[PDB]
Structures are given as C-alpha cells and as structure tokens.
>>> print(open('entry_34.csv').read())   # CSV, C-alpha atoms and all ligand atoms
chain,number,residue,atom,x,y,z
A,126,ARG,CA,138.0,114.0,68.8
A,127,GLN,CA,139.1,110.3,69.0
A,128,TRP,CA,141.6,110.3,71.9
A,129,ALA,CA,143.7,107.2,72.7
A,130,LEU,CA,146.2,106.5,75.5
A,131,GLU,CA,149.1,106.7,73.1
A,132,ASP,CA,148.2,110.4,72.5
A,133,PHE,CA,149.6,111.3,75.9
A,134,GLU,CA,152.9,111.0,77.8
A,135,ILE,CA,152.0,110.1,81.4
A,136,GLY,CA,153.8,111.7,84.3
A,137,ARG,CA,153.6,111.5,88.0
A,138,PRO,CA,150.6,110.3,90.0
A,139,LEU,CA,148.7,113.3,91.2
A,140,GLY,CA,146.4,111.4,93.5
A,141,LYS,CA,144.2,108.3,94.1
A,142,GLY,CA,140.6,107.9,94.8
A,143,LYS,CA,138.3,104.8,95.4
A,144,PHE,CA,137.7,104.3,91.7
A,145,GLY,CA,140.5,106.1,89.8
A,146,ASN,CA,144.1,107.2,89.8
A,147,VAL,CA,144.9,110.7,88.5
A,148,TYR,CA,148.1,111.3,86.6
A,149,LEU,CA,149.8,114.4,85.3
A,150,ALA,CA,149.9,114.0,81.5
A,151,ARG,CA,150.8,115.9,78.4
A,152,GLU,CA,149.2,115.6,75.0
A,153,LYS,CA,152.0,114.6,72.5
A,154,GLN,CA,151.2,116.9,69.6
A,155,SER,CA,150.3,120.1,71.3
A,156,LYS,CA,152.4,119.6,74.5
A,157,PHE,CA,149.2,120.6,76.4
A,158,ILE,CA,149.6,119.8,80.1
A,159,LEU,CA,146.5,118.2,81.7
A,160,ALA,CA,145.4,115.6,84.2
A,161,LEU,CA,144.3,112.1,83.2
A,162,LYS,CA,141.9,110.3,85.6
A,163,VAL,CA,141.9,106.5,85.1
A,164,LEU,CA,138.9,104.5,86.1
A,165,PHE,CA,138.5,100.7,85.8
A,166,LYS,CA,135.2,99.7,84.1
A,167,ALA,CA,134.9,96.4,86.0
A,168,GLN,CA,135.1,98.3,89.3
A,169,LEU,CA,132.6,101.0,88.2
A,170,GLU,CA,130.1,98.3,87.0
A,171,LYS,CA,130.6,96.3,90.2
A,172,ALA,CA,129.7,99.3,92.4
A,173,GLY,CA,126.7,100.2,90.2
A,174,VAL,CA,128.2,103.7,89.4
A,175,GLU,CA,129.2,103.6,85.7
A,176,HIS,CA,125.9,105.1,84.7
A,177,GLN,CA,126.1,107.8,87.4
A,178,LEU,CA,129.6,108.7,86.1
A,179,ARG,CA,128.2,108.8,82.5
A,180,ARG,CA,125.5,111.3,83.6
A,181,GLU,CA,128.0,113.4,85.7
A,182,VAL,CA,130.4,113.5,82.7
A,183,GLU,CA,127.6,114.7,80.4
A,184,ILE,CA,126.6,117.4,82.9
A,185,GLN,CA,130.2,118.5,83.5
A,186,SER,CA,130.8,118.9,79.7
A,187,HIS,CA,128.4,121.9,79.8
A,188,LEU,CA,130.0,123.7,82.7
A,189,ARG,CA,132.3,126.6,81.7
A,190,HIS,CA,133.5,128.6,84.7
A,191,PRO,CA,136.9,129.7,86.1
A,192,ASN,CA,135.9,128.1,89.5
A,193,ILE,CA,134.8,124.8,88.0
A,194,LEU,CA,137.4,122.2,86.9
A,195,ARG,CA,137.3,121.8,83.1
A,196,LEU,CA,136.5,118.5,81.4
A,197,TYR,CA,138.3,118.4,78.1
A,198,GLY,CA,137.1,115.0,76.9
A,199,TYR,CA,137.2,111.3,77.5
A,200,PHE,CA,137.9,107.9,76.0
A,201,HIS,CA,138.1,104.3,76.9
A,202,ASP,CA,139.7,100.9,76.1
A,203,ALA,CA,138.7,97.4,77.0
A,204,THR,CA,139.6,97.8,80.7
A,205,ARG,CA,139.1,101.4,81.6
A,206,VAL,CA,137.7,104.9,81.2
A,207,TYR,CA,139.9,107.9,80.9
A,208,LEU,CA,138.8,111.4,81.8
A,209,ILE,CA,140.9,114.3,80.2
A,210,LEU,CA,140.9,117.0,82.8
A,211,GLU,CA,142.2,120.5,83.6
A,212,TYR,CA,145.4,120.5,85.6
A,213,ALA,CA,145.1,122.6,88.7
A,214,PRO,CA,148.8,123.0,89.8
A,215,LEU,CA,148.3,124.0,93.4
A,216,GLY,CA,146.5,120.8,94.4
A,217,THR,CA,143.6,120.2,96.9
A,218,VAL,CA,142.1,122.5,99.5
A,219,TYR,CA,142.1,119.4,101.7
A,220,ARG,CA,145.9,119.4,101.6
A,221,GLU,CA,146.2,123.2,102.1
A,222,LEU,CA,144.1,122.9,105.3
A,223,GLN,CA,146.3,120.1,106.6
A,224,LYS,CA,149.4,122.3,106.1
A,225,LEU,CA,147.9,125.5,107.5
A,226,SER,CA,145.6,123.8,110.2
A,227,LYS,CA,143.0,126.5,109.6
A,228,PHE,CA,142.4,129.5,107.3
A,229,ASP,CA,142.1,133.2,108.2
A,230,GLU,CA,138.9,135.0,107.5
A,231,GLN,CA,140.1,136.6,104.3
A,232,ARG,CA,141.1,133.3,102.6
A,233,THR,CA,137.9,131.7,103.9
A,234,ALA,CA,135.6,134.4,102.6
A,235,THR,CA,137.4,134.5,99.2
A,236,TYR,CA,136.9,130.7,98.8
A,237,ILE,CA,133.2,130.9,99.8
A,238,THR,CA,132.8,133.8,97.3
A,239,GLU,CA,134.4,131.6,94.6
A,240,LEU,CA,132.2,128.7,95.4
A,241,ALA,CA,129.1,130.8,95.6
A,242,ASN,CA,130.0,132.3,92.1
A,243,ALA,CA,130.4,128.8,90.7
A,244,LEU,CA,127.2,127.5,92.2
A,245,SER,CA,125.3,130.6,91.1
A,246,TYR,CA,126.4,129.9,87.5
A,247,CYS,CA,125.3,126.3,87.9
A,248,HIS,CA,121.9,127.2,89.4
A,249,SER,CA,121.3,129.5,86.5
A,250,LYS,CA,121.4,126.6,84.1
A,251,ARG,CA,119.3,124.1,86.1
A,252,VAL,CA,122.4,122.4,87.6
A,253,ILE,CA,122.7,121.5,91.3
A,254,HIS,CA,125.6,120.1,93.3
A,255,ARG,CA,125.4,117.3,95.8
A,256,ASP,CA,127.8,117.5,98.7
A,257,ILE,CA,131.1,119.4,98.3
A,258,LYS,CA,134.3,118.0,100.1
A,259,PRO,CA,137.6,119.9,100.4
A,260,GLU,CA,139.4,116.8,98.8
A,261,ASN,CA,137.3,117.6,95.7
A,262,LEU,CA,138.4,121.3,95.5
A,263,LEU,CA,141.5,122.1,93.6
A,264,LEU,CA,143.6,125.2,93.3
A,265,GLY,CA,144.7,126.8,90.0
A,266,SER,CA,148.0,128.5,89.2
A,267,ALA,CA,146.9,131.8,91.0
A,268,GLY,CA,145.3,130.0,94.0
A,269,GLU,CA,141.7,130.2,92.5
A,270,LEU,CA,139.4,127.5,93.7
A,271,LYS,CA,138.1,124.9,91.3
A,272,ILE,CA,135.2,122.5,92.1
A,273,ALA,CA,136.6,119.2,90.8
A,274,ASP,CA,134.1,116.6,91.6
A,275,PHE,CA,131.4,116.0,88.9
A,276,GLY,CA,128.8,115.8,91.7
A,277,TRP,CA,126.0,117.4,89.7
A,278,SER,CA,122.4,116.8,88.6
A,279,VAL,CA,119.7,118.3,86.4
A,280,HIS,CA,117.8,116.2,88.8
A,281,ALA,CA,119.2,112.7,89.5
A,290,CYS,CA,127.5,106.6,101.0
A,291,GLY,CA,130.3,107.4,102.2
A,292,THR,CA,131.5,109.7,105.0
A,293,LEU,CA,128.5,111.8,106.0
A,294,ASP,CA,130.4,114.9,107.0
A,295,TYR,CA,129.3,117.1,104.1
A,296,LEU,CA,125.8,115.8,103.5
A,297,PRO,CA,122.7,117.8,104.5
A,298,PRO,CA,119.9,116.4,106.7
A,299,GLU,CA,117.5,116.0,103.9
A,300,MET,CA,120.0,113.7,102.0
A,301,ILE,CA,120.6,111.5,105.0
A,302,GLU,CA,117.0,111.5,106.5
A,303,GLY,CA,115.7,110.2,103.2
A,304,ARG,CA,113.9,113.5,102.4
A,305,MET,CA,113.6,115.7,99.3
A,306,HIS,CA,116.7,117.8,98.3
A,307,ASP,CA,117.0,120.8,96.0
A,308,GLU,CA,119.4,123.6,95.1
A,309,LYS,CA,119.5,124.2,98.9
A,310,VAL,CA,121.9,121.2,99.3
A,311,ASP,CA,124.8,123.3,98.0
A,312,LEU,CA,123.9,126.1,100.5
A,313,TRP,CA,124.3,123.6,103.3
A,314,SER,CA,127.6,122.7,101.7
A,315,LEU,CA,128.8,126.3,101.9
A,316,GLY,CA,128.0,126.4,105.6
A,317,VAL,CA,130.0,123.2,106.3
A,318,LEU,CA,133.0,124.4,104.3
A,319,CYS,CA,132.9,127.9,105.8
A,320,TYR,CA,133.1,126.3,109.2
A,321,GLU,CA,135.8,123.8,108.3
A,322,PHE,CA,137.9,126.4,106.6
A,323,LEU,CA,137.9,128.6,109.8
A,324,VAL,CA,138.1,125.8,112.4
A,325,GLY,CA,140.1,123.1,110.7
A,326,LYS,CA,137.5,120.4,110.9
A,327,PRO,CA,133.8,120.1,109.7
A,328,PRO,CA,131.1,120.9,112.3
A,329,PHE,CA,129.6,117.4,112.6
A,330,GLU,CA,132.9,115.5,112.7
A,331,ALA,CA,132.8,112.4,114.9
A,332,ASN,CA,134.4,109.1,115.6
A,333,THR,CA,131.6,107.1,113.9
A,334,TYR,CA,129.1,107.3,111.0
A,335,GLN,CA,126.4,106.7,113.6
A,336,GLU,CA,127.6,109.7,115.8
A,337,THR,CA,127.8,112.0,112.6
A,338,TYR,CA,124.4,111.0,111.2
A,339,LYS,CA,122.9,112.2,114.5
A,340,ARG,CA,124.9,115.4,114.7
A,341,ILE,CA,123.8,116.3,111.2
A,342,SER,CA,120.1,115.3,111.7
A,343,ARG,CA,120.0,117.5,114.8
A,344,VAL,CA,122.2,120.2,113.4
A,345,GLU,CA,124.2,119.8,116.6
A,346,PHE,CA,127.4,122.0,116.4
A,347,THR,CA,129.3,124.6,118.4
A,348,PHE,CA,131.9,127.3,117.5
A,349,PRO,CA,135.3,127.6,119.1
A,350,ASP,CA,135.9,131.0,120.7
A,351,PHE,CA,138.0,132.4,117.9
A,352,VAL,CA,135.2,132.3,115.3
A,353,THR,CA,133.9,135.8,114.9
A,354,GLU,CA,130.3,137.1,115.2
A,355,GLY,CA,130.1,137.7,111.5
A,356,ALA,CA,131.2,134.2,110.5
A,357,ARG,CA,128.9,132.7,113.2
A,358,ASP,CA,126.0,134.6,111.6
A,359,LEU,CA,126.7,133.4,108.1
A,360,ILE,CA,127.4,129.7,109.1
A,361,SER,CA,124.3,129.7,111.3
A,362,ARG,CA,122.2,131.0,108.4
A,363,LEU,CA,123.4,128.3,106.0
A,364,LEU,CA,123.3,125.3,108.4
A,365,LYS,CA,119.5,125.3,108.7
A,366,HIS,CA,117.7,121.9,109.0
A,367,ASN,CA,114.9,123.1,106.7
A,368,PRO,CA,116.2,123.6,103.2
A,369,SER,CA,113.7,126.4,102.5
A,370,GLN,CA,115.0,128.5,105.4
A,371,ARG,CA,118.6,128.6,103.9
A,372,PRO,CA,119.6,131.8,102.0
A,373,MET,CA,119.9,132.3,98.3
A,374,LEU,CA,123.4,132.5,96.9
A,375,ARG,CA,122.8,136.2,96.3
A,376,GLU,CA,122.4,136.6,100.0
A,377,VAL,CA,125.6,134.7,100.7
A,378,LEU,CA,127.5,137.0,98.2
A,379,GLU,CA,126.0,140.1,99.8
A,380,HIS,CA,126.6,139.0,103.4
A,381,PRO,CA,128.6,141.8,105.3
A,382,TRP,CA,131.1,139.2,106.6
A,383,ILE,CA,131.7,138.0,103.1
A,384,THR,CA,131.9,141.6,101.6
A,385,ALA,CA,134.3,142.8,104.4
A,386,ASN,CA,136.7,139.9,104.0
A,387,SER,CA,136.6,138.5,100.5
A,388,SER,CA,139.5,139.4,98.1
A,389,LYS,CA,137.3,138.4,95.1
A,390,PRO,CA,134.3,140.3,93.8
A,391,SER,CA,131.0,138.4,94.1
A,392,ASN,CA,130.2,137.9,90.4
A,393,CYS,CA,126.6,136.8,90.8
A,394,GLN,CA,125.8,138.6,88.6
A,401,LIG,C1,152.1,117.8,96.2
A,401,LIG,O1,151.1,116.7,95.7
A,401,LIG,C2,150.3,117.2,94.7
A,401,LIG,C3,150.3,118.6,94.4
A,401,LIG,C4,149.4,119.0,93.4
A,401,LIG,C5,148.5,118.2,92.8
A,401,LIG,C6,147.6,118.7,91.9
A,401,LIG,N1,146.7,118.0,91.2
A,401,LIG,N2,145.9,118.7,90.5
A,401,LIG,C7,144.9,118.2,89.7
A,401,LIG,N3,144.7,118.8,88.5
A,401,LIG,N4,143.8,118.3,87.9
A,401,LIG,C8,143.3,117.2,88.6
A,401,LIG,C9,142.1,116.3,88.1
A,401,LIG,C10,144.1,117.1,89.8
A,401,LIG,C11,143.9,116.1,90.9
A,401,LIG,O2,142.9,115.4,90.9
A,401,LIG,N5,144.8,116.1,91.9
A,401,LIG,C12,144.8,115.4,93.0
A,401,LIG,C13,143.9,114.3,93.2
A,401,LIG,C14,143.8,113.6,94.4
A,401,LIG,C15,144.7,114.0,95.5
A,401,LIG,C16,145.6,115.1,95.3
A,401,LIG,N6,146.4,115.5,96.3
A,401,LIG,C17,147.0,116.7,96.6
A,401,LIG,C18,147.9,116.7,97.8
A,401,LIG,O3,146.9,117.7,95.9
A,401,LIG,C19,145.6,115.8,94.1
A,401,LIG,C20,148.5,116.8,93.1
A,401,LIG,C21,149.4,116.3,94.1
>>> encode(input="entry_34.csv", output="structure tokens", more="lines below")
Ligand SMILES: COc1ccc(/C=N/Nc2[nH]nc(C)c2C(=O)Nc2cccc(NC(C)=O)c2)cc1
Amino acid sequence: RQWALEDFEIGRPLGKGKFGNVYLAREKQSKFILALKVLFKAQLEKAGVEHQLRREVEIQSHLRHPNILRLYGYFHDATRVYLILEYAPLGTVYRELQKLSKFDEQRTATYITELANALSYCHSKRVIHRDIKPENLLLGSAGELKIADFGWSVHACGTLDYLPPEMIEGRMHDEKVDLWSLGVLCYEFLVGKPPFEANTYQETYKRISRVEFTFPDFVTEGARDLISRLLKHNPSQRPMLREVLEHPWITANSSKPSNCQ
C-alpha cells in the first residue's frame, strides 16, 4: 500500500522519544485507530541510525505475536519517516510502575511469562532482542504486555541499566541477552528500580560488569532464585526460556499460561 500523511487524521501526542514523536491517529477510510510514529530523516542520518532503523523495521515486519507490538506499515516524505503502529491503549509499563511504585508477584510473573512467550517465538525464527526497557513495553486493551521497541537482530549508548555485561564489556552476545533482560525486568517490577541503578553511567557500568546487586527484604525466595539464575555474568550459564516458563515461582504466580510451546 502507498500510504501518505493525508490518509490519516492525527490526534493527541501519545509520547516523545529522542528521534520521534508518537501520535494517536485514525486512517480516514476505514476509521482504523492506530499510532503514528514520526521520525526526522535529517536527525536519523546525523546520528548514524537510519540504516539501523531500516533493518529493525524489516525484522519487525515479520513478527506476529499478541505480546509484540504490530507494525502495520510505513511511508515517508522529504523530511520524515512515518511508522504505522498498533495502538496499545493502556500505555507504558514504565508509567504503570511510576504510579504503583512496584508490582506484586502475580502481575510480575504474568509480565515475565508474556515476555518469555514473545521472546520464545522470536528465538524460534532466528530473532534476538537487544536490551528491553519498561518505557518500550506497552499495554493492550486487556492489560497484555506488548514489546514495542524494534530492538531486534537476525545478527546485527545510552543508559546502561538494561544492558548485559557482554554488551558493555565489548564481548560477544547471543540469544542470552534477552535472558539477562528478563532478570533486570523481573527485579525492577518487584522492587521499583532496576538492580544496577546508579547516579552515573560510570557507577552503573561497574555494577553491571561485576553483577553487583542486592535484594530488599520483601523479595521472596522464589523471585530471588529466578532473578539470580537470569543475572549470570556468563551468557552460557543463563537458563533457556523454557526453564524460565517452567520455573516454580513463575508457575505459582503467573495468571497467563506459558505458551512456549
Ligand atoms: C496517559 O498518557 C498516555 C496513555 C497511553 C498511551 C498509549 N500509547 N500507546 C501506544 N500505542 N502504540 C504506540 C506506538 C504507543 C506509544 O508509543 N505510546 C507512548 C510512547 C511514549 C510514551 C508514552 N507514555 C505513556 C505515559 O504511556 C506512550 C500514551 C500516553
């Protein structure tokens, strides 16, 4: 399809990022509600990321999963690039965390199950995720989690909070990156901040490289066990997604079945 900007009525700004603004929008003919992400070419080219976006968009076009945000299409004019995206009405996990301070074990294990399901589906088709931040997790009409960043690779910053040691130490990274991501998110969901949070990039780099973190008292033995298994310095020592999905703390607390499958 040949989409142009006049094909859509543009509504309220949903959010802003470094490169793009996201707007609620509705396709004029069908009245289909969606989100339009608007990115400036000149800015993308200046940062050296236009190709990276192109590759991520191509990867994203292949992913069809209830817990992955859908890319409907794209287009451009002289100035900018427009991504036609699924509208996730309940907004970001980042914002939900800010409002609730921390999540209970049931919400947390349901979210981790949903992420593990989405990542399992991605791994099955040779697709790996880079780091996963709560700002880049959206919530659908029924509160289902949607991975919304296009941060994929067949094989292809920044705050360091969500990056694994092998990505910051200049090492080799594989499908085990997104296992680390699960460990960071599991901890952040339960505690209200990520495990290596610090005042400086420099303090954070060191905490990540050393895997230097501690649990507050309220974190239960089951959650500690899962988080400690995922946050291993050596990628090869991290579990398979199957193991995450079968973990007794996950199975006892999740509201959602662990569709591996
Ligand atoms: C109360 O403020 C909001 C409530 C809900 C939203 C939902 N946005 N949902 C989206 N659907 N599809 C896409 C793409 C988006 C999106 O990127 N939203 C977005 C982006 C950046 C920041 C936020 N902020 C919040 C608070 O949700 C939302 C956005 C703002």
>>> residues_around(input="entry_34.csv", residues="stretch 226-228 of chain A", least_positions_apart="6", cutoff="9 Å", atoms="all atoms listed in the file", output="list in words")
residues 321, 322, 323, 324, 325 and 326 of chain A
>>> residues_around(input="entry_34.csv", residues="residue A:337", least_positions_apart="5", cutoff="12 Å", atoms="all atoms listed in the file", output="list in words")
residues 291, 292, 293, 294, 295, 296, 297, 298, 301, 327, 328, 329, 330, 331, 332, 342, 343, 344, 345 and 346 of chain A
>>> closest_atom_pairs(input="entry_34.csv", of="chain A", to="ligand LIG 401 (chain A)", cutoff="7 Å", atoms="all atoms listed in the file", output="Markdown table")
| residue | atom | partner | partner_atom | distance |
| --- | --- | --- | --- | --- |
| A:139 | CA | A:LIG401 | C20 | 4.0 |
| A:140 | CA | A:LIG401 | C14 | 3.5 |
| A:141 | CA | A:LIG401 | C14 | 5.3 |
| A:142 | CA | A:LIG401 | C14 | 6.5 |
| A:147 | CA | A:LIG401 | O2 | 5.6 |
| A:159 | CA | A:LIG401 | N4 | 6.8 |
| A:160 | CA | A:LIG401 | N4 | 4.9 |
| A:161 | CA | A:LIG401 | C9 | 6.8 |
| A:162 | CA | A:LIG401 | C9 | 6.5 |
| A:210 | CA | A:LIG401 | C9 | 5.5 |
| A:211 | CA | A:LIG401 | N4 | 5.1 |
| A:212 | CA | A:LIG401 | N3 | 3.4 |
| A:213 | CA | A:LIG401 | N3 | 3.8 |
| A:214 | CA | A:LIG401 | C6 | 4.9 |
| A:215 | CA | A:LIG401 | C4 | 5.1 |
| A:216 | CA | A:LIG401 | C6 | 3.4 |
| A:217 | CA | A:LIG401 | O3 | 4.3 |
| A:220 | CA | A:LIG401 | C18 | 5.1 |
| A:260 | CA | A:LIG401 | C15 | 6.8 |
| A:263 | CA | A:LIG401 | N2 | 6.4 |
| A:273 | CA | A:LIG401 | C9 | 6.8 |
>>> atom_distance(input="entry_34.csv", atom1="atom CA of residue A:367", atom2="atom CA of residue A:318")
18.3 Å
>>> residues_around(input="entry_34.csv", residues="residue A:129", least_positions_apart="2", cutoff="10 Å", atoms="only C-alpha atoms", output="PDB file with C-alpha atoms, in the frame of the given file")
ATOM      1  CA  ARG A 126     138.000 114.000  68.800  1.00  0.00           C
ATOM      2  CA  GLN A 127     139.100 110.300  69.000  1.00  0.00           C
ATOM      3  CA  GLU A 131     149.100 106.700  73.100  1.00  0.00           C
ATOM      4  CA  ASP A 132     148.200 110.400  72.500  1.00  0.00           C
ATOM      5  CA  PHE A 133     149.600 111.300  75.900  1.00  0.00           C
ATOM      6  CA  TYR A 199     137.200 111.300  77.500  1.00  0.00           C
ATOM      7  CA  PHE A 200     137.900 107.900  76.000  1.00  0.00           C
ATOM      8  CA  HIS A 201     138.100 104.300  76.900  1.00  0.00           C
ATOM      9  CA  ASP A 202     139.700 100.900  76.100  1.00  0.00           C
ATOM     10  CA  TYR A 207     139.900 107.900  80.900  1.00  0.00           C
TER      11      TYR A 207
END
>>> residues_around(input="entry_34.csv", residues="residue A:167", least_positions_apart="6", cutoff="12 Å", atoms="all atoms listed in the file", output="list in words")
residues 144, 145, 173, 174, 175, 202, 203, 204, 205 and 206 of chain A
>>> atom_distance(input="entry_34.csv", atom1="atom CA of residue A:219", atom2="atom CA of residue A:198")
25.7 Å
>>> closest_residue(input="entry_34.csv", among="A:193, A:382, A:335, A:372", to="residue A:358", atoms="only C-alpha atoms")
A:382
>>> atom_distance(input="entry_34.csv", atom1="atom CA of residue A:181", atom2="atom CA of residue A:366")
26.9 Å
>>> closest_residue(input="entry_34.csv", among="A:222, A:302, A:182, A:238", to="residue A:259", atoms="only C-alpha atoms")
A:222
>>> closest_residue(input="entry_34.csv", among="A:244, A:135, A:377, A:178", to="residue A:153", atoms="only C-alpha atoms")
A:135
>>> decode(input="entry_34.csv", residues="stretch 197-241 of chain A", atoms="C-alpha atoms", output="PDB file, in the first residue's frame")
ATOM      1  CA  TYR A 197       1.281  -2.118  10.039  1.00  0.00           C
ATOM      2  CA  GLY A 198       3.437  -0.298   7.530  1.00  0.00           C
ATOM      3  CA  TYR A 199       5.436   2.813   6.812  1.00  0.00           C
ATOM      4  CA  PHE A 200       5.994   5.719   4.461  1.00  0.00           C
ATOM      5  CA  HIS A 201       7.976   8.925   4.123  1.00  0.00           C
ATOM      6  CA  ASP A 202       8.063  12.411   2.663  1.00  0.00           C
ATOM      7  CA  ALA A 203      11.011  14.809   2.079  1.00  0.00           C
ATOM      8  CA  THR A 204      11.608  15.480   5.777  1.00  0.00           C
ATOM      9  CA  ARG A 205      10.477  12.423   7.674  1.00  0.00           C
ATOM     10  CA  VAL A 206       9.730   8.773   8.153  1.00  0.00           C
ATOM     11  CA  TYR A 207       6.334   7.600   9.413  1.00  0.00           C
ATOM     12  CA  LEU A 208       5.815   4.246  11.156  1.00  0.00           C
ATOM     13  CA  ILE A 209       2.209   2.924  11.234  1.00  0.00           C
ATOM     14  CA  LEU A 210       1.882   1.099  14.518  1.00  0.00           C
ATOM     15  CA  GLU A 211      -0.567  -0.825  16.702  1.00  0.00           C
ATOM     16  CA  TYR A 212      -2.287   1.362  19.296  1.00  0.00           C
ATOM     17  CA  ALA A 213      -1.836  -0.075  22.808  1.00  0.00           C
ATOM     18  CA  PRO A 214      -4.421   1.856  24.813  1.00  0.00           C
ATOM     19  CA  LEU A 215      -3.089   1.320  28.334  1.00  0.00           C
ATOM     20  CA  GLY A 216       0.291   2.929  27.675  1.00  0.00           C
ATOM     21  CA  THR A 217       3.763   2.091  29.017  1.00  0.00           C
ATOM     22  CA  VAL A 218       4.842  -0.312  31.770  1.00  0.00           C
ATOM     23  CA  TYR A 219       7.257   2.493  32.787  1.00  0.00           C
ATOM     24  CA  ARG A 220       4.295   4.720  33.634  1.00  0.00           C
ATOM     25  CA  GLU A 221       2.383   1.932  35.424  1.00  0.00           C
ATOM     26  CA  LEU A 222       5.461   1.334  37.617  1.00  0.00           C
ATOM     27  CA  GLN A 223       5.634   5.055  38.454  1.00  0.00           C
ATOM     28  CA  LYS A 224       2.002   5.047  39.554  1.00  0.00           C
ATOM     29  CA  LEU A 225       2.085   1.798  41.511  1.00  0.00           C
ATOM     30  CA  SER A 226       5.736   2.146  42.768  1.00  0.00           C
ATOM     31  CA  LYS A 227       6.188  -1.619  42.491  1.00  0.00           C
ATOM     32  CA  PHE A 228       4.244  -4.650  41.239  1.00  0.00           C
ATOM     33  CA  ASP A 229       3.023  -7.662  43.216  1.00  0.00           C
ATOM     34  CA  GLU A 230       4.331 -11.140  42.439  1.00  0.00           C
ATOM     35  CA  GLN A 231       1.285 -12.062  40.338  1.00  0.00           C
ATOM     36  CA  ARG A 232       1.499  -9.079  37.970  1.00  0.00           C
ATOM     37  CA  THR A 233       5.281  -9.527  37.768  1.00  0.00           C
ATOM     38  CA  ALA A 234       5.188 -13.223  36.931  1.00  0.00           C
ATOM     39  CA  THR A 235       2.396 -12.666  34.381  1.00  0.00           C
ATOM     40  CA  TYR A 236       4.501  -9.971  32.652  1.00  0.00           C
ATOM     41  CA  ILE A 237       7.632 -12.195  32.652  1.00  0.00           C
ATOM     42  CA  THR A 238       5.574 -15.063  31.215  1.00  0.00           C
ATOM     43  CA  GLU A 239       4.303 -12.779  28.439  1.00  0.00           C
ATOM     44  CA  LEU A 240       7.803 -11.555  27.644  1.00  0.00           C
ATOM     45  CA  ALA A 241       9.219 -15.077  27.740  1.00  0.00           C
TER      46      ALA A 241
END
